[PDB]
*Asks:* 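Dropping the structure in here first, questions after.
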Amino acid sequence: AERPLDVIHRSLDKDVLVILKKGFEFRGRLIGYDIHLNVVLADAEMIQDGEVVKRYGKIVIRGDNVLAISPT
Amino acid sequence: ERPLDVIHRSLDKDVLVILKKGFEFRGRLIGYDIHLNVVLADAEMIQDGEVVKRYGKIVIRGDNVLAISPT
Amino acid sequence: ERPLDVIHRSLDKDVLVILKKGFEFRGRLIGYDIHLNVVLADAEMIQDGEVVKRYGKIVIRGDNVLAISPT
Amino acid sequence: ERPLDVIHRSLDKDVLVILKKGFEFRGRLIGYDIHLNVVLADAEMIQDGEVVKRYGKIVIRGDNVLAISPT
Amino acid sequence: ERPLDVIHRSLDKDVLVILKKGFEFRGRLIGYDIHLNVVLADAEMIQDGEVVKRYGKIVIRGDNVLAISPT
Amino acid sequence: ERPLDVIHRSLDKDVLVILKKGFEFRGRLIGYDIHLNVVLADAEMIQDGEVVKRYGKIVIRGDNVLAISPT
Amino acid sequence: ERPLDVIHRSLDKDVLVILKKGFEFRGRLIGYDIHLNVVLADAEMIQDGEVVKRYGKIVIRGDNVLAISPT
Amino acid sequence: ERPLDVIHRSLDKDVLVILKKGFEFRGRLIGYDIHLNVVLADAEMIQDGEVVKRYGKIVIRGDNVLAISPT
Amino acid sequence: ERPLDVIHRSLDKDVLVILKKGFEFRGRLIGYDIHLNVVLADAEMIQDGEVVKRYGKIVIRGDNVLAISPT
Amino acid sequence: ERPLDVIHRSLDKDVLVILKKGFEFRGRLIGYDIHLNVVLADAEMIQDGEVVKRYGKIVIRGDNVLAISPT
Amino acid sequence: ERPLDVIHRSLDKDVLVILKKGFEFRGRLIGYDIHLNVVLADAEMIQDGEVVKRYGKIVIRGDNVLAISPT
Amino acid sequence: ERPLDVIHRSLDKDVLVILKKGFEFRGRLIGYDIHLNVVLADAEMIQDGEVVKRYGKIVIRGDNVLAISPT
Amino acid sequence: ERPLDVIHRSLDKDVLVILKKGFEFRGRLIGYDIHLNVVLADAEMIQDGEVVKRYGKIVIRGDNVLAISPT
Amino acid sequence: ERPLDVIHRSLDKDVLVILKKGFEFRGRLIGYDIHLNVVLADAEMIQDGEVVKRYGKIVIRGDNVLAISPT
RNA sequence: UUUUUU
RNA sequence: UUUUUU
RNA sequence: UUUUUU
RNA sequence: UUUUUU
RNA sequence: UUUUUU
RNA sequence: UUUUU
RNA sequence: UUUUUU
Ligand SMILES: [Ca+2]
Ligand SMILES: [Ca+2]
Ligand SMILES: [Ca+2]
Ligand SMILES: [Ca+2]
Ligand SMILES: [Ca+2]
Ligand SMILES: [Ca+2]
Ligand SMILES: [Ca+2]
């Protein structure tokens, strides 16, 4: 029953939340990932203290910076 | 009782995910892997006994995990 | 007297897990793995000489371990 | 869609390499590798939205990367 | 004399283990492995030139080691 | 222009090694390896745009590299 | 003039080990290995420019080295 | 339709296992692995067109397989 | 020009599979993997210019393969 | 039912071990490993259909196996 | 000089591929890999000094190769 | 009772090594390794029930082994 | 002196390459690798004591090698 | 006494190398490696009990080895 | 990409 | 589970 | 593709 | 290329 | 080289 | 041992 | 699938 890469695979093309280790989190459409847990987000927004401080049409995030990922 | 025995048996049960970052997550274990990445459902980010956040389902990268305790 | 010999023979006995962070755990070792992850039963988190929390059972990622001592 | 499909397609294109340590780099991606090391030509270090330095060509260890955004 | 030749010849000898953090353990080396995890007997934690603790036996995870010096 | 292509073409040329800590070394690239460890001759440790130290030859462990750039 | 060539080359010669945490080690190189672990003889630890400690022999874990320099 | 895609789709179906030796087995594929080992049910060993034997269940070492055909 | 380039650019095309045993199969290449296992559709086992057998779909373990030739 | 599921479920049951060399062994599977090496108790070497030898306990190198059959 | 140096320098040149079994292939080398798999264009299967077959292009699996000689 | 368990328990005991070749050895097991290489003392080569040779101590290459049987 | 030590030292010297197939090659060793593949210049395919063939340069897949002797 | 322990102990000594091809070499062991490749000086090829050839020094691919016995 | 499908 | 024992 | 150049 | 020197 | 000694 | 253990 | 693209 239901593992890391299953939820993530199934979350393809759906909106997710990427909480990083640093302190901030990104939000956007999950369009891809890899075994390292690297993820590609479309129409992403960099959220900080609850405020969208930056946006990117597409962004590739190194999975080692990832604290968690949640589907929205 | 090895780490993966305890974890695997905790499936569908409530567990505590103590992160090294300071805070912890509490929720229902529904999945995991060799890296100790874990999946919780009906999870709550807790900070000082304070539920400061909730998630329907959340995947936690195992290298952030400090420890895991089954409720 | 190798790391895994000592740890292994400590099965079902009381150990002292020192984390690199700051605190430590005290409890009966009931499991472990080649990554040095360890499972403790009747564990008590310790901060500055005082128990601050108790876990019936807890899996600690060996990655946060400084040392382990058979008490 | 996949991490590298994106990076690969960004060759000879402008990108933003967001560093873990705080700042970021902007330049034309002219190279990379499976470790995510990236090569930029005509790049600038960007601290607080401002250019603090320029490099005609610079190699960045993927070790220090947080993200890479095409364009 | 390679790293592990020196360590291997220190079995049952007194050694100094200088940790990364800021302190070190002094004691009799009775074991070790490839990761540089070491096992000391009749050991003592030394914080700023002072024994702040004592362990009859302790397995230190090699990852926390800065240096080992045969005394 | 893969990372190692640029680094290879840099043999016996001057390069700037930007470290993670906060400083940089400037010298002639006369060697390197798969880990991105590099060797520099007639090198200068530079702190704040200032030559704070010098070394006829130095080996910089790749793990401390933020980026290397050909001047 | 690759990293290990220079290091190998320095066997039995005087070197300076720059650790990432600020201090350095001066001594005669007498051994090493692939992880960059180094063995020094007649070594002294240096901080803010002064000798703070001496070791007849010392094995440094390499994972802590920034650079090594012959002489 | 990679090799394992076809084999995966043949689960619970009838296949022909052509062995390097010269004979073959015929049966219902009920399992397999990455080495190409295969498990057949109600299998009949065939030699020059003759059923020479029957096995309600048999595990064949893929090392002995030349080809598998979905019938 | 590389072995796998040719194979990959042969998908959905007719190929000639020469086995080491002595014979050969002809058919349309509908799949393969890095072990050089291959999948043919509408295949014909050939013994001295004669169609001795026919398989609508067959998977061959690359280990039995001597060479593969397009058209 | 994967190759190893079937084998594992046969522990302490009678099985047939068909070797590549033509003959076979019949016995009660009392063990095995991932290489497909298996152990049998009260085994019988068979050839042409007759017991030509008996062994109390025999370990067969998995590399010699053609197929294994339960019952 | 080294196997691949020689094999790499022969690209687009005529080579003789001597197979373990009873024969050889002659043709222009257009591609190869690390398994020593070779790709020949305008190839002729040679046997007992005579040409028995011609292939516009053929991929030879390295483990069937005995030796490769640059014409 | 896994393969390497039976072999380990036969140390300093009499065993029978059936070679895949054609003949077999008989002697006292004094050592082995992961490859199933084995070392025998007072070994006797046996062919067709006849001792054709004797060895004080012989080292046998594992991949030549068909089986091993404790006397 | 070790396998590769001897081989390395025979560079540019005449050697005998005894193949497993039976025949042997004689030539000047100009190169080799860890798989034990070797390159001979001015080579002679020797059979039953007769030079039945010659090659200016030839790469021999070490997989067919039985031995190599320095002349 | 593990396989390689016996082999190592035999250095600079007379041993017998029983090849799987049938014949056997004899000579002084002056080297070897983890593949079981061995080197003999002043070696003799023994075919059916009689010396058929001599070698000042020969390197034998451990792949053809059946066993080795210290004279 | 996780579904045994490398 | 480290005890060669995967 | 081997040339340290993954 | 073996020489710890990847 | 195998000896815990990469 | 295979059962994500 | 090989095309750096895991
Ligand atoms: Ca899958
Ligand atoms: Ca063990
Ligand atoms: Ca290269
Ligand atoms: Ca070397
Ligand atoms: Ca050793
Ligand atoms: Ca399991
Ligand atoms: Ca690709």
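In what follows, every chain begins at residue 1, and chains take the letters A, B, ... in the order their sequences are listed. Side chains are part of it too, since the values below use all heavy atoms of this structure and drop only hydrogens, waters and symmetry mates.
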*Asks:* Distance from L:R61 atom CZ to N:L36 atom CG, nearest 0.5 Å?
*Replies:* 5.5 Å
*Asks:* Just verifying a value: how many Å separate M:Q47 CD and M:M45 CE, rounded to the nearest 0.5 Å?
*Replies:*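 Rounded to the nearest 0.5 Å, the CD-CE separation comes out at 7.5 Å.
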*Asks:* Check each of H:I18, H:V17, H:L19 against H:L66 using the side chain to side chain contact (heavy atoms under 4.5 Å, CB included) test, and report the only one that passes.
*Replies:* H:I18
*Asks:* Rounded at 0.5 Å granularity, tell me how far CG in K:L11 sits from NZ in K:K13.
*Replies:* 8.0 Å
*Asks:* Could you grab the distance from atom CZ of N:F23 to atom CG of N:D48, nearest 0.5 Å is fine?
*Replies:* 11.0 Å
*Asks:* Identify whether the distance between the nearest side-chain nitrogen and carboxylate oxygen of G:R2 and F:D33 falls below 4.0 Å.
*Replies:* no
*Asks:* Count the heavy atoms belonging to other residues, nucleotides or ligands that lie under 6.0 Å from NZ of H:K21, then report whether that count exceeds 12.
*Replies:* yes
*Asks:* Taking L:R28 first and then L:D12, would you say they form a salt bridge - that is, a charged N and a carboxylate O separated by under 4.0 Å?
*Replies:*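 Judged by the 4.0 Å cut-off on N to carboxylate O distance, L:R28 and L:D12 do not form a salt bridge.
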*Asks:* Measure up the I:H8 and I:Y32 rings against each other and bin them: parallel (under 30°), tilted (30 to 60°), perpendicular (over 60°).
*Replies:* perpendicular
*Asks:* Which heavy atom of M:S10 sits nearest to which heavy atom of M:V15, and what is that distance?
*Replies:* CB-CG1, 3.9 Å
*Asks:* Between L:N64 and N:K20, do the side chains contain an N or O donor and an N or O acceptor separated by less than 3.5 Å?
*Replies:*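 A pair is found: one side chain offers a donor N or O, the other an acceptor, under 3.5 Å apart.
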*Asks:* Show the numbers, then the answer: is there a salt bridge (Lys or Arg N to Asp or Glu O under 4.0 Å) between K:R54 and K:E44?
*Replies:* CA-CA 4 Å; K:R54 292 193 167 73; K:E44 315 186 75; 3.2 Å; yes
*Asks:* Quick test of your reading of the model: are M:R26 and M:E24 salt-bridged, counting only N-O distances below 4.0 Å?
*Replies:*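 Salt bridge between M:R26 and M:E24, a charged N being under 4.0 Å from a carboxylate O: no.
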*Asks:* So does M:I34 have more than 12 non-hydrogen atoms from other groups sitting under 6.0 Å from CD1?
*Replies:* yes
*Asks:* Supply the atom-to-atom distance I:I60 CD1 to I:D63 CG, rounded to the nearest 0.5 angstrom.
*Replies:*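 Answer for the CD1-CG pair, I:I60 versus I:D63, is 11.0 Å.
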*Asks:* What are the two closest non-hydrogen atoms of H:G62 and H:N37, and how far apart are they?
*Replies:* N-OD1, 2.9 Å
*Asks:* Which distance, rounded to the nearest 0.5 Å, do you find between the CG of L:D14 and the CG of L:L29?
*Replies:* 10.0 Å
*Asks:* Between N:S69 (side chain) and L:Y55 (backbone), is there a donor-acceptor pair under 3.5 Å?
*Replies:* no
*Asks:* Could you walk me through whether N:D42 and N:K57 satisfy the salt bridge (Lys or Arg N to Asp or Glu O under 4.0 Å) test, starting with their C-alpha distance in whole Å, then the side-chain angles of each, then the deciding distance to 0.1 Å, before giving a yes or no?
*Replies:* CA-CA 6 Å; N:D42 297 319; N:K57 195 182 297 179; over 6 Å; no
*Asks:* If every non-hydrogen atom of K:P3 is compared with every non-hydrogen atom of M:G31, which pair is closest and at what distance?
*Replies:*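 The pair with the smallest heavy-atom distance is CD-C, 4.4 Å.
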